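Structure, as structure tokens:
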Amino acid sequence: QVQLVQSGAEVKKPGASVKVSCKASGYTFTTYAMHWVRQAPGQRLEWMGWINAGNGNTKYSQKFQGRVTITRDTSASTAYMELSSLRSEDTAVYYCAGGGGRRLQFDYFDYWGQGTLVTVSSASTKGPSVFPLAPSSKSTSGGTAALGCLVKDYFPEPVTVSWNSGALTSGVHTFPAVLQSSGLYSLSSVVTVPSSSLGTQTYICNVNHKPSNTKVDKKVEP
Amino acid sequence: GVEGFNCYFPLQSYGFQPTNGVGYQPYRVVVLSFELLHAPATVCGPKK
Amino acid sequence: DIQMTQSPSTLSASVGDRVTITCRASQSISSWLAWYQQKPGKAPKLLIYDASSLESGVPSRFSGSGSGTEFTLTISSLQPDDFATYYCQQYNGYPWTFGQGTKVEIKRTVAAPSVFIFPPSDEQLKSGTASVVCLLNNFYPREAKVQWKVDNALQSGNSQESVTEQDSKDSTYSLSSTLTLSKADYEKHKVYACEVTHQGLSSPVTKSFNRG
């Protein structure tokens, strides 16, 4: 079965350029059709261009004309993409597609790369600030209350969060990140427990931000 | 299996664009073949 | 350029049922199209090409149809692996576009939310910006509304909404409303309230507190 794999995550800055690339593994290369397409988060997919993995042909888009380029290396059987004059919009996930096989060209994407994440930012790496989310006995709902562990003004998208290092699994909720005006990300994670065990148990969220290597724990005081 | 001076790729391409003239439009062609042999025929389709 | 719009932004269903999707085109298309399935956080998988053909390795349930402009996908029985969006691709002309997204769900009796608010933490009060969290858990029909009422006034622009994705086991939805502001606004105001309007709820429900 043909498969496509490619590079990992990237982070860049406005005005720069980035080079993503995907390696092919196909039973024959009968004028293969590596063929790029991108997706801004929560948006319509957008199509880049197609390289003629047979020889050299380079039909490109029109919204992206004059600033993106595509090449490939025959011996390594990979496909090379290049974009310049980046800006905050092109924050997206980038995809390799193609791989007809029977006939030589199509224009439908039947073999998809597992995705490449590109973030166009102006900030830099920064640790996450942490605050507890204490409930009150006012809202004792069915003898159960909610509780969380906020994270504000942090850099990229991984932010792993856990509660007492896997000790708790029930009712956990971890919301997706949100961009702010300041250009920093922020997350809120929450969970509810029976209020009966409020004053007699110990809950501490567990955050790991690898790009800054920080590990923070905060006991929640009701 | 290489591209350079004195090396020519054999598969060109048609740029079938509707803005082209009649002389360069694309044409779907189909061609048939018939023959007379020993064993009794099969593809008949005669009169009514 | 060719425009592509999908008639259903979202689609409801339940296991073992049939669904239909419409993909309309601004111009005429000579049955050039394909249908992609995309689960969250994965890569697209192709289902149908040339608007009719069934590409190998897929369940036989999927089936295309249609020609000209209005195009249709349809599945007989609704299996679990059908729970994701679906896109339509035109390839009649140049720059090839895509649809909008048509996302299925898992219908169940509507579940009403449980509302929660958190006052800002005093450690956050040391920093210099104020954060307020209004929470909604296990509420059924996504399409909800939350508004903030501070000192008996509505507040706009400074609020952000983040909504979870529906859980397989839970099959419900959860929401957080965050209100952010600078300290100078904080003590200037005495009473804080977020209000939520929900289909399942009989009446609009207000939850609130004041400082201390």
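Identifiers in the structure tokens: chain A, B, ... in order shown; residue index from 1 per chain; ligand index from 1 in order shown.
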
Next item on the list: Give me, as an NGL selection string, the contact residues of chain A against chain B at a cut-off of 10 Å, counting only C-alpha atoms.
Entry: :A and (31 or 54-56 or 74)

Checklist line | Selection near residue 59 in chain A, 9 Å with only C-alpha atoms, sequence-local residues under 6 positions removed, as a list in words | finding: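 Contacts, with the query itself left out: residues 49, 50, 51 and 52 of chain A.
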
Check: Given a cut-off of 6 Å, which residues of chain A touch chain C, counting only C-alpha atoms, written out as a ChimeraX atom specification?
Finding: /A:44,61,110,114,175

Kindly save the residues from that selection, with N, CA, C and O atoms included, as a PDB file, in the first residue's frame.
```pdb
ATOM      1  N   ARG A  44     -12.161  26.360   5.024  1.00  0.00           N
ATOM      2  CA  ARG A  44     -12.232  25.626   3.772  1.00  0.00           C
ATOM      3  C   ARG A  44     -10.834  25.195   3.356  1.00  0.00           C
ATOM      4  O   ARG A  44      -9.887  25.975   3.476  1.00  0.00           O
ATOM      5  N   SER A  61      -1.117  27.504  -8.258  1.00  0.00           N
ATOM      6  CA  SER A  61      -2.413  28.141  -8.061  1.00  0.00           C
ATOM      7  C   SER A  61      -2.385  29.540  -8.659  1.00  0.00           C
ATOM      8  O   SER A  61      -1.507  29.894  -9.446  1.00  0.00           O
ATOM      9  N   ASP A 110      -5.928  10.938  -3.797  1.00  0.00           N
ATOM     10  CA  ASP A 110      -6.263   9.637  -3.247  1.00  0.00           C
ATOM     11  C   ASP A 110      -5.239   9.075  -2.272  1.00  0.00           C
ATOM     12  O   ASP A 110      -5.486   8.009  -1.703  1.00  0.00           O
ATOM     13  N   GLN A 114       0.059  12.577   6.350  1.00  0.00           N
ATOM     14  CA  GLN A 114      -0.516  12.673   7.683  1.00  0.00           C
ATOM     15  C   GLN A 114      -0.536  14.086   8.250  1.00  0.00           C
ATOM     16  O   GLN A 114      -0.966  14.262   9.392  1.00  0.00           O
ATOM     17  N   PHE A 175     -10.432  21.867  26.969  1.00  0.00           N
ATOM     18  CA  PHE A 175     -10.934  22.639  25.860  1.00  0.00           C
ATOM     19  C   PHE A 175      -9.809  22.972  24.896  1.00  0.00           C
ATOM     20  O   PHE A 175      -8.636  22.955  25.265  1.00  0.00           O
TER      21      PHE A 175
END
```

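Atom pair CA of residue 80 in chain A / CA of residue 93 in chain C: separated by 25.1 Å.
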
Next item on the list: For residue 35 in chain A, list every protein, DNA or RNA residue within 12 Å, evaluated using only C-alpha atoms, and leave out those in the same chain fewer than 2 positions away; present the list as a PyMOL selection string.
Entry: (chain A and resi 4+21-22+24+32-33+37-38+46-53+57-61+70-72+78-81+94-100+105-113) or (chain C and resi 96)

Keeping only N, CA and C atoms, write the selected residues as a compact mmCIF listing (two decimals), in the first residue's frame.
```txt
# COMPACT_ATOMS: atom_id res chain seq x y z
N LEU A 4 2.49 7.98 2.38
CA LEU A 4 3.23 9.23 2.31
C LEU A 4 3.51 9.70 3.73
N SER A 21 8.44 18.98 3.23
CA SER A 21 8.76 17.98 2.23
C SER A 21 8.23 16.62 2.66
N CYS A 22 7.77 15.85 1.68
CA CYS A 22 7.22 14.53 1.94
C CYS A 22 7.84 13.49 1.04
N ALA A 24 7.94 9.68 -0.71
CA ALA A 24 6.98 8.77 -1.32
C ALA A 24 7.44 7.33 -1.19
N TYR A 32 4.26 10.08 -11.39
CA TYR A 32 3.56 10.18 -10.12
C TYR A 32 3.16 11.64 -9.93
N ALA A 33 2.27 11.91 -8.98
CA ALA A 33 1.54 13.18 -8.99
C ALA A 33 1.48 13.83 -7.60
N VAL A 37 -1.86 20.65 -0.83
CA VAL A 37 -3.11 21.29 -0.42
C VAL A 37 -3.02 21.64 1.06
N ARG A 38 -3.65 22.74 1.45
CA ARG A 38 -3.47 23.32 2.77
C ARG A 38 -4.82 23.64 3.40
N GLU A 46 -7.71 24.56 0.96
CA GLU A 46 -7.21 25.39 -0.13
C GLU A 46 -6.08 24.66 -0.83
N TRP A 47 -6.09 24.72 -2.16
CA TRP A 47 -5.25 23.88 -2.99
C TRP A 47 -4.03 24.65 -3.47
N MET A 48 -2.86 24.03 -3.35
CA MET A 48 -1.58 24.68 -3.64
C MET A 48 -1.16 24.56 -5.09
N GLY A 49 -0.90 23.34 -5.55
CA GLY A 49 -0.33 23.14 -6.87
C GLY A 49 0.08 21.70 -7.02
N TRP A 50 0.45 21.35 -8.25
CA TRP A 50 0.85 19.99 -8.53
C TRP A 50 2.17 19.95 -9.27
N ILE A 51 3.08 19.14 -8.75
CA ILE A 51 4.36 18.86 -9.37
C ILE A 51 4.22 17.57 -10.15
N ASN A 52 4.89 17.49 -11.29
CA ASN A 52 4.78 16.32 -12.14
C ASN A 52 5.92 15.38 -11.79
N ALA A 53 5.68 14.53 -10.78
CA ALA A 53 6.74 13.64 -10.30
C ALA A 53 7.31 12.78 -11.41
N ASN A 57 7.08 19.32 -14.38
CA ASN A 57 6.08 20.34 -14.64
C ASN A 57 5.46 20.84 -13.35
N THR A 58 5.12 22.13 -13.35
CA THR A 58 4.95 22.89 -12.12
C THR A 58 3.73 23.79 -12.17
N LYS A 59 2.57 23.27 -12.52
CA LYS A 59 1.39 24.12 -12.48
C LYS A 59 1.08 24.52 -11.04
N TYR A 60 0.85 25.81 -10.82
CA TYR A 60 0.62 26.37 -9.49
C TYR A 60 -0.76 26.99 -9.43
N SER A 61 -1.12 27.50 -8.26
CA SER A 61 -2.41 28.14 -8.06
C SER A 61 -2.38 29.54 -8.66
N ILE A 70 7.72 24.68 -5.86
CA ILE A 70 7.66 23.25 -5.59
C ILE A 70 8.70 22.54 -6.45
N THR A 71 9.41 21.59 -5.84
CA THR A 71 10.37 20.75 -6.55
C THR A 71 10.33 19.36 -5.95
N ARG A 72 11.11 18.45 -6.53
CA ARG A 72 11.19 17.08 -6.04
C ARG A 72 12.57 16.52 -6.33
N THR A 78 11.07 12.09 -2.93
CA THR A 78 10.36 13.00 -2.05
C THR A 78 9.92 14.22 -2.85
N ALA A 79 9.03 15.00 -2.25
CA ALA A 79 8.51 16.21 -2.88
C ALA A 79 8.80 17.41 -2.00
N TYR A 80 9.23 18.50 -2.61
CA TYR A 80 9.69 19.68 -1.89
C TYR A 80 8.77 20.85 -2.15
N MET A 81 8.38 21.55 -1.08
CA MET A 81 7.50 22.71 -1.15
C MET A 81 8.21 23.92 -0.58
N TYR A 94 -0.42 21.68 6.58
CA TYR A 94 -0.09 21.45 5.18
C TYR A 94 -0.04 19.96 4.89
N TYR A 95 -0.47 19.61 3.68
CA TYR A 95 -0.75 18.23 3.29
C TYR A 95 -0.07 17.90 1.98
N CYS A 96 0.44 16.68 1.86
CA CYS A 96 0.81 16.12 0.57
C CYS A 96 -0.27 15.17 0.07
N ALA A 97 -0.56 15.25 -1.22
CA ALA A 97 -1.56 14.39 -1.81
C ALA A 97 -1.12 14.04 -3.21
N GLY A 98 -1.74 13.01 -3.76
CA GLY A 98 -1.48 12.58 -5.11
C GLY A 98 -1.45 11.07 -5.17
N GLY A 99 -0.81 10.55 -6.21
CA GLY A 99 -0.62 9.12 -6.29
C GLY A 99 -1.69 8.38 -7.06
N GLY A 100 -1.89 8.76 -8.32
CA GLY A 100 -2.83 8.05 -9.16
C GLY A 100 -2.54 6.57 -9.29
N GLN A 105 -2.33 10.85 -14.53
CA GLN A 105 -2.70 12.07 -13.83
C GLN A 105 -4.16 11.98 -13.45
N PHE A 106 -4.47 12.59 -12.33
CA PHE A 106 -5.85 12.89 -12.04
C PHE A 106 -5.93 14.33 -11.60
N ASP A 107 -7.06 14.71 -11.04
CA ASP A 107 -7.07 15.87 -10.19
C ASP A 107 -7.88 15.57 -8.94
N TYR A 108 -7.76 14.36 -8.42
CA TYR A 108 -8.34 14.05 -7.13
C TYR A 108 -7.31 13.33 -6.28
N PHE A 109 -7.34 13.64 -4.99
CA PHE A 109 -6.26 13.33 -4.08
C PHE A 109 -6.58 12.02 -3.38
N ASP A 110 -5.93 10.94 -3.80
CA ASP A 110 -6.26 9.64 -3.25
C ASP A 110 -5.24 9.08 -2.27
N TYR A 111 -4.11 9.75 -2.05
CA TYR A 111 -3.13 9.34 -1.05
C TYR A 111 -2.65 10.57 -0.30
N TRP A 112 -3.00 10.67 0.97
CA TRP A 112 -2.83 11.89 1.74
C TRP A 112 -1.73 11.73 2.78
N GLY A 113 -0.87 12.73 2.87
CA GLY A 113 0.10 12.77 3.95
C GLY A 113 -0.57 13.06 5.28
N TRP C 96 -8.71 24.62 -8.35
CA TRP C 96 -9.66 23.67 -7.81
C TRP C 96 -10.02 24.06 -6.39
```

Item checked: Check: which chain B residues lie within 12 Å of chain C using only C-alpha atoms, as number ranges by chain -> B: 16-18

Restricting it to N, CA and C atoms, dump the selection as an mmCIF file, in the first residue's frame.
```
data_model
loop_
_atom_site.group_PDB
_atom_site.id
_atom_site.type_symbol
_atom_site.label_atom_id
_atom_site.label_comp_id
_atom_site.auth_asym_id
_atom_site.auth_seq_id
_atom_site.Cartn_x
_atom_site.Cartn_y
_atom_site.Cartn_z
ATOM 1 N N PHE B 16 -5.354 21.217 -23.367
ATOM 2 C CA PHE B 16 -6.681 21.356 -23.959
ATOM 3 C C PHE B 16 -7.443 22.453 -23.232
ATOM 4 N N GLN B 17 -7.360 23.674 -23.745
ATOM 5 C CA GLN B 17 -8.067 24.801 -23.165
ATOM 6 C C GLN B 17 -9.217 25.202 -24.065
ATOM 7 N N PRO B 18 -10.397 25.482 -23.516
ATOM 8 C CA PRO B 18 -11.535 25.820 -24.374
ATOM 9 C C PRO B 18 -11.306 27.064 -25.200
#
```

Next item on the list: Could you give me the residues within range 5-217 of chain A that DSSP places in strand (DSSP E or B), as a VMD selection string?
Entry: chain A and resid 5 to 6 10 to 12 17 to 25 35 to 39 45 to 51 58 to 60 68 to 73 78 to 84 92 to 98 111 to 112 116 to 120 129 to 133 141 144 to 154 160 to 163 173 to 174 178 to 179 185 to 194 204 to 209 214 to 217

Check: Distance CA of residue 187 in chain C-CA of residue 211 in chain C, one decimal place?
Finding: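 CA of residue 211 in chain C lies 8.3 Å from CA of residue 187 in chain C.
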
Note to self: Could you list, as number ranges by chain, every residue within 10 Å of residue 170 in chain A, counting only C-alpha atoms and ignoring same-chain residues fewer than 5 positions away?
What the structure shows: A: 191-193

Mind writing the picked residues with C-alpha atoms as a PDB file, in the first residue's frame?
```
ATOM      1  CA  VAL A 191     -13.500  18.538  35.652  1.00  0.00           C
ATOM      2  CA  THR A 192     -16.298  17.870  38.118  1.00  0.00           C
ATOM      3  CA  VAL A 193     -16.381  15.537  41.110  1.00  0.00           C
TER       4      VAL A 193
END
```

Note to self: One decimal, in Å: what's the spacing between CA of residue 60 in chain C and CA of residue 115 in chain A?
What the structure shows: 27.3 Å

Checklist line | Non-local contacts of range 202-218 of chain A (10 Å; only C-alpha atoms; under 2 positions in same chain excluded) as a ChimeraX atom specification | finding: /A:125-132,147-151,154-168,189-190,197-200,220-221

Those same residues, written as a CSV table (one decimal), in the first residue's frame with N, CA, C and O atoms?
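What ended up in result.csv:
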```csv
chain,number,residue,atom,x,y,z
A,125,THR,N,9.0,31.6,22.3
A,125,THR,CA,8.7,30.6,23.3
A,125,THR,C,8.5,31.3,24.7
A,125,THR,O,9.2,32.2,25.1
A,126,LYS,N,7.5,30.9,25.4
A,126,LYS,CA,7.2,31.4,26.7
A,126,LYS,C,6.4,30.4,27.5
A,126,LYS,O,5.6,29.6,27.0
A,127,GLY,N,6.7,30.3,28.8
A,127,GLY,CA,6.1,29.4,29.7
A,127,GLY,C,4.7,29.8,30.0
A,127,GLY,O,4.2,30.9,29.8
A,128,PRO,N,3.9,28.8,30.4
A,128,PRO,CA,2.5,29.1,30.7
A,128,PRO,C,2.2,29.4,32.2
A,128,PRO,O,2.7,28.8,33.1
A,129,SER,N,1.4,30.5,32.4
A,129,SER,CA,1.0,30.8,33.7
A,129,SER,C,-0.2,30.0,34.1
A,129,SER,O,-1.0,29.7,33.3
A,130,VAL,N,-0.3,29.6,35.4
A,130,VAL,CA,-1.3,28.7,35.9
A,130,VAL,C,-2.0,29.3,37.1
A,130,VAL,O,-1.4,29.9,37.9
A,131,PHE,N,-3.3,29.1,37.1
A,131,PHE,CA,-4.2,29.5,38.2
A,131,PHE,C,-5.2,28.4,38.5
A,131,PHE,O,-5.7,27.8,37.5
A,132,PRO,N,-5.6,28.2,39.7
A,132,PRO,CA,-6.6,27.2,40.0
A,132,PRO,C,-8.0,27.7,39.7
A,132,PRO,O,-8.2,28.9,39.5
A,147,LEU,N,-14.4,21.9,38.7
A,147,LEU,CA,-13.1,22.4,39.2
A,147,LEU,C,-12.1,22.3,38.0
A,147,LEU,O,-12.2,21.4,37.2
A,148,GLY,N,-11.2,23.2,38.0
A,148,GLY,CA,-10.3,23.3,36.8
A,148,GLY,C,-9.0,23.9,37.1
A,148,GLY,O,-8.6,24.2,38.3
A,149,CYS,N,-8.2,24.2,36.1
A,149,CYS,CA,-6.8,24.6,36.1
A,149,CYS,C,-6.5,25.4,34.9
A,149,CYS,O,-6.2,24.8,33.8
A,150,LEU,N,-6.6,26.7,35.0
A,150,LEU,CA,-6.5,27.6,33.8
A,150,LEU,C,-5.0,27.7,33.4
A,150,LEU,O,-4.1,27.5,34.2
A,151,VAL,N,-4.8,27.9,32.1
A,151,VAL,CA,-3.5,28.2,31.6
A,151,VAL,C,-3.7,29.4,30.6
A,151,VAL,O,-4.5,29.4,29.7
A,154,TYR,N,0.5,31.5,26.8
A,154,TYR,CA,1.5,30.5,26.5
A,154,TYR,C,1.8,30.4,25.0
A,154,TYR,O,1.0,31.0,24.2
A,155,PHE,N,2.8,29.8,24.6
A,155,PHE,CA,3.2,29.9,23.1
A,155,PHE,C,2.5,28.9,22.1
A,155,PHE,O,1.4,29.3,21.6
A,156,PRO,N,2.9,27.7,21.8
A,156,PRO,CA,2.4,26.8,20.8
A,156,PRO,C,1.1,26.0,21.1
A,156,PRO,O,0.3,26.5,21.8
A,157,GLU,N,0.9,24.9,20.4
A,157,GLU,CA,-0.4,24.1,20.6
A,157,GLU,C,-0.4,22.8,21.4
A,157,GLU,O,-1.5,22.4,21.8
A,158,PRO,N,0.8,22.2,21.8
A,158,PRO,CA,0.7,20.9,22.6
A,158,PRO,C,0.1,20.9,24.0
A,158,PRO,O,-0.6,19.9,24.2
A,159,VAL,N,0.4,21.8,24.8
A,159,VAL,CA,-0.1,21.9,26.2
A,159,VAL,C,-0.8,20.7,26.7
A,159,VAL,O,-2.1,20.7,26.8
A,160,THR,N,-0.1,19.6,27.0
A,160,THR,CA,-0.7,18.5,27.7
A,160,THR,C,-1.1,18.8,29.1
A,160,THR,O,-0.4,19.6,29.8
A,161,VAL,N,-2.3,18.4,29.5
A,161,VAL,CA,-2.8,18.6,30.8
A,161,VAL,C,-3.4,17.3,31.4
A,161,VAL,O,-4.0,16.6,30.7
A,162,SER,N,-3.1,17.0,32.6
A,162,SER,CA,-3.6,15.9,33.3
A,162,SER,C,-3.9,16.2,34.8
A,162,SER,O,-3.4,17.2,35.3
A,163,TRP,N,-4.6,15.4,35.4
A,163,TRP,CA,-5.0,15.6,36.8
A,163,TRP,C,-4.4,14.5,37.7
A,163,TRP,O,-4.8,13.4,37.6
A,164,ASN,N,-3.6,14.9,38.6
A,164,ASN,CA,-2.9,14.0,39.5
A,164,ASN,C,-2.2,12.9,38.8
A,164,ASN,O,-2.1,11.7,39.2
A,165,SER,N,-1.6,13.3,37.6
A,165,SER,CA,-0.8,12.4,36.8
A,165,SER,C,-1.6,11.0,36.5
A,165,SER,O,-1.2,10.0,36.9
A,166,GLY,N,-2.7,11.2,35.8
A,166,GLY,CA,-3.5,10.0,35.4
A,166,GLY,C,-4.3,9.4,36.5
A,166,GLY,O,-5.0,8.4,36.2
A,167,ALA,N,-4.3,9.9,37.7
A,167,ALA,CA,-5.1,9.4,38.8
A,167,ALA,C,-6.6,9.5,38.5
A,167,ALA,O,-7.4,8.6,39.0
A,168,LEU,N,-7.0,10.5,37.8
A,168,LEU,CA,-8.4,10.8,37.6
A,168,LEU,C,-8.7,10.7,36.1
A,168,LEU,O,-7.8,11.2,35.3
A,189,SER,N,-8.9,24.0,31.3
A,189,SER,CA,-9.3,22.6,31.5
A,189,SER,C,-10.0,22.5,32.8
A,189,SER,O,-9.7,23.2,33.8
A,190,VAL,N,-11.0,21.6,32.9
A,190,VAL,CA,-11.9,21.6,34.0
A,190,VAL,C,-12.4,20.1,34.2
A,190,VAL,O,-12.3,19.3,33.3
A,197,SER,N,-16.5,14.5,48.4
A,197,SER,CA,-15.0,14.3,48.6
A,197,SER,C,-14.2,15.6,48.4
A,197,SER,O,-13.0,15.5,48.2
A,198,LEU,N,-14.9,16.7,48.6
A,198,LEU,CA,-14.2,18.0,48.3
A,198,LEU,C,-13.1,18.2,49.3
A,198,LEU,O,-11.9,18.3,48.9
A,199,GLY,N,-13.4,18.4,50.6
A,199,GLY,CA,-12.5,18.7,51.6
A,199,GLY,C,-11.6,17.6,52.1
A,199,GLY,O,-10.7,17.8,52.9
A,200,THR,N,-11.8,16.4,51.6
A,200,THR,CA,-11.0,15.2,52.0
A,200,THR,C,-10.1,14.6,51.0
A,200,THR,O,-9.4,13.6,51.3
A,220,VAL,N,-5.5,22.9,44.1
A,220,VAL,CA,-6.6,23.8,44.1
A,220,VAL,C,-7.2,23.9,45.5
A,220,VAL,O,-7.4,22.8,46.1
A,221,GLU,N,-7.3,25.1,46.0
A,221,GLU,CA,-7.8,25.3,47.3
A,221,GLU,C,-9.3,25.8,47.2
A,221,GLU,O,-9.4,26.9,46.7
```
